[PDB]
Structures are given as C-alpha cells and as structure tokens.
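In the order they appear, the protein sequences are chains M and N.
The numbering of the first sequence is the deposited numbering, which starts it at 6 and goes up by one.
The numbering of the second sequence is the deposited numbering, which starts it at 6 and goes up by one.
Read through the structure below, which is laid out as structure tokens, and then see the notes.
Protein chains: 2
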Amino acid sequence: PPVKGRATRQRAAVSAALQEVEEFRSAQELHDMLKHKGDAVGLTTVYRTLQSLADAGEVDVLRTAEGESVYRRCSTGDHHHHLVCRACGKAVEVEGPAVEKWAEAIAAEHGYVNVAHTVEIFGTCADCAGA
Amino acid sequence: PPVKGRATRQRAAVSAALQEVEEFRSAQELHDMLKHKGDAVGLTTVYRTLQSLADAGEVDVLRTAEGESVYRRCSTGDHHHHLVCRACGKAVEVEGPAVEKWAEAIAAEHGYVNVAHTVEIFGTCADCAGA
Ligand SMILES: [Zn+2]
Ligand SMILES: [Zn+2]
Ligand SMILES: [Zn+2]
Ligand SMILES: [Zn+2]
Ligand SMILES: [Zn+2]
Ligand SMILES: [Zn+2]
Numbered sequence: 006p007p008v009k010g011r012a013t014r015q016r017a018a019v020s021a022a023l024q025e026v027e028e029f030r031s032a033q034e035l036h037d038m039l040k041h042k043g044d045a046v047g048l049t050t051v052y053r054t055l056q057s058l059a060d061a062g063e064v065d066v067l068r069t070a071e072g073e074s075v076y077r078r079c080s081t082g083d084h085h086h087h088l089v090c091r092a093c094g095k096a097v098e099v100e101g102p103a104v105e106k107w108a109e110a111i112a113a114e115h116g117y118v119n120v121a122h123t124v125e126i127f128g129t130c131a132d133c134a135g136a
Numbered sequence: 006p007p008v009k010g011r012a013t014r015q016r017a018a019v020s021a022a023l024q025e026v027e028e029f030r031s032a033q034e035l036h037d038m039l040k041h042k043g044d045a046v047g048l049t050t051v052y053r054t055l056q057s058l059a060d061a062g063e064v065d066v067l068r069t070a071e072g073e074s075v076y077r078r079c080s081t082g083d084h085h086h087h088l089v090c091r092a093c094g095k096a097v098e099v100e101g102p103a104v105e106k107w108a109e110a111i112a113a114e115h116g117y118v119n120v121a122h123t124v125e126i127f128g129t130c131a132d133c134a135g136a
C-alpha cells in the first residue's frame, strides 16, 4: 500500500504489518502488535497513516458493534463485500451483483441521485458452534 | 410503544415524542426536542429508555457514519431495510428478497450456523439538487 508522502520506516512497518495479517483490527490492536514485535511506533502516527490509506482506499474500513473502526488490507481491489465472524475475526471476500442491481433499482425508483451502500453480514463459523 | 417497566410519565412522554417524529435522530437531539416541548426529561433517562425500546424491538436503530447512533420508529413490524439521506436525514423503509436469498446462499455455502445481516444504504434525494 503506497503512501502519497515520502516513505519512512514507520509507514513501511505499518504497511508490512497490515499485509502480514488478514483479520480485521483497529489502531490500538495493531499498535500493540507492532510495539511487541519491536517497531516502537506511535498511536497517532498509525492512526494518521490508516486515515491516509483509507482515503486512498488501499485498505477497507468496518465499524464494529460498539462503533470503533477496524481495518484490513484486502487482497482484492475491486468492489466486494466481506463476511466476518466476530469470534474468529476471519474475513471472506464475497461479491454479488444482485444486491448492486437491487440498490440501483430502488435508487432509480425513488429518484435518488447517488447510492452508497453498506452491506455487512455477521455470522459464526461451524467450528465456533462445535466444542 | 409499550415499555417493560411500570407505567410512568417519562416512558409515555418519550414514546409519544418518538412517535411524533419520523426522522432518524440521535439521543441528544431527542433530548433537546423534548426539553423544548416542555417534557423536562433527563438525558440518561432518554438513553436508558431508548436502549430498552431497542432491546424490545419496537424501534429501529442505526449507526451514523462518524460514529454516533440515530434511531427512528417505523410502523411496519416486519423486517425491512432503510434508505437514509444524510443531507436531509429522512429515512424510508423497503424490503427486497434478493439480499435475504444471497445471505442464505452465502451461509449455506460457507457453513455458517447463523448470520445477522445489516443492510443500511445512503443516498441523496431529489430535493437536495433542487435550489
Ligand atoms: Zn476484500
Ligand atoms: Zn457492493
Ligand atoms: Zn468463527
Ligand atoms: Zn423501519
Ligand atoms: Zn436529501
Ligand atoms: Zn434483509
């Protein structure tokens, strides 16, 4: 995930950490991980970097049930939706044109100019139920 | 909107005020409106009663983009999704089987025991363009 500004070891470290994992996580958890592996990088620095990348769209954003935003470097750059298990944190890339067509149809029927859609599905794995 | 607690003027007042308004609004906005109407009801009371109503299912909850939460009352008791214009705040309820079928298919394919899908979509309405 390239950054608009000059690359620095802190930005490179947070980018390497983002590509290292595949689950959703907020600024605090990733700050904990990077400090523990030996990065020594700031909280506000990672917050600003994540804001910048979200503006660039290289990563995705998702507001949890409480409200805090979590982030994930998705392999697929095209339009897509994520199926997330809160117990595991795993994200599965799922895309469907049916929901997009439905959104466009209802927007046209209501005469709305633009449509921004948030479609999140929260569930639990089969292994989660098992013990 | 019956409340599980005992009959009191606070619950009746907040329920009537919610029924009067048909727009998604935050707790502070509802508190200010109730104060202006002369209810003289507490903000913590508004929060507690609103949480109780949300748990009862008689009201529809929604999370704002920046992080706050807005709430609205919809006459229909059946499950439905909302189109909310951020510019005006007006919300209209709809229902389309396509999202349900896609969620069921995804759950069956991925083996998820249970899923909870949230589909709230945003778009500007006609009057925004009009000047
Ligand atoms: Zn993705
Ligand atoms: Zn989509
Ligand atoms: Zn799981
Ligand atoms: Zn509703
Ligand atoms: Zn509008
Ligand atoms: Zn649905």
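Ideal Cβ placement from N, Cα and C applies to all residues, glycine included.
Cβ separation of residue i and residue j, assumed to be a contact under 8 Å, to the nearest whole Å
| i | j | result |
| --- | --- | --- |
| residue 137(N) | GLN15(N) | Since the first residue shown for chain N is 6 and the last is 136, residue 137(N) is missing from the structure and cannot be characterised. |
| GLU100(N) | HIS87(N) | With 8 Å as the limit, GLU100(N) and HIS87(N) do not qualify as a contact, their Cβ atoms being about 10 Å apart. |
| residue 165(M) | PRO7(M) | Outside the modelled stretch of chain M, which goes from 6 to 136, sits residue 165(M), for which no answer is possible. |
Segment limits, beta strand (DSSP E) that includes residue i
| i | result |
| --- | --- |
| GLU27(M) | Run containing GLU27(M): none; DSSP gives neither H nor E here. |
| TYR52(M) | Unbroken run through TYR52(M) is the alpha helix (DSSP H), 48-61; no beta strand (DSSP E). |
| residue 5(N) | Outside the shown range of chain N, which is 6 to 136, sits residue 5(N), and nothing can be said about it. |
| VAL89(N) | 86-89 |
| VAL75(M) | 74-77 |
8 Å Cβ cutoff, residue i in contact with chain N
| i | result |
| --- | --- |
| residue 138(M) | Because chain M spans 6 through 136 in this model, residue 138(M) falls outside it and cannot be assessed. |
| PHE127(M) | yes |
| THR123(M) | yes |
| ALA32(M) | no |
| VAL120(M) | yes |
Alpha helix (DSSP H) segment containing residue i, residue limits
| i | result |
| --- | --- |
| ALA96(M) | It is not in any alpha helix (DSSP H) - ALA96(M) instead sits in the beta strand (DSSP E) that spans 96-99. |
| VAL66(M) | Note, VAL66(M): premise wrong, no alpha helix (DSSP H); beta strand (DSSP E) at 65-68. |
| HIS41(N) | 32-42 |
| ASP83(M) | Per DSSP, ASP83(M) belongs to no alpha helix (DSSP H) and is neither H nor E. |
| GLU71(M) | It is not in any alpha helix (DSSP H) - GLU71(M) carries neither H nor E in the DSSP assignment. |
| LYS106(N) | 102-115 |
C-beta neighbour in chain M for residue i, strict 8 Å
| i | result |
| --- | --- |
| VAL8(N) | no |
| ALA136(N) | no |
| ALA21(N) | no |
| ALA131(N) | yes |
Q. Residues with a Cβ closer than 6 Å to any heavy atom of ligand 5, in chain order?
A. Chain-ordered list of matching residues: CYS90(N), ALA92(N), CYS93(N), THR129(N), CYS130(N), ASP132(N) and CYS133(N).
Please name the residues in the segment 53-83 of chain M whose beta-carbon is closer than 7 Å to at least one beta-carbon of chain N, in chain order. With the criterion set as a beta carbon lying under 7 Å from some beta carbon of chain N, the members of the segment 53-83 of chain M are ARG68 and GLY72, in sequence order.
Name the residues in the segment 86-118 of chain N whose C-beta lies less than 8 Å from a C-beta of chain M; which are they?
Going along the segment 86-118 of chain N in chain order, one finds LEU88, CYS90, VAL97, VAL99, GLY101, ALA103, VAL104, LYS106, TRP107, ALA108, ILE111, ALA112, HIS115, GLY116, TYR117 and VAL118 with a Cβ nearer than 8 Å to chain M.
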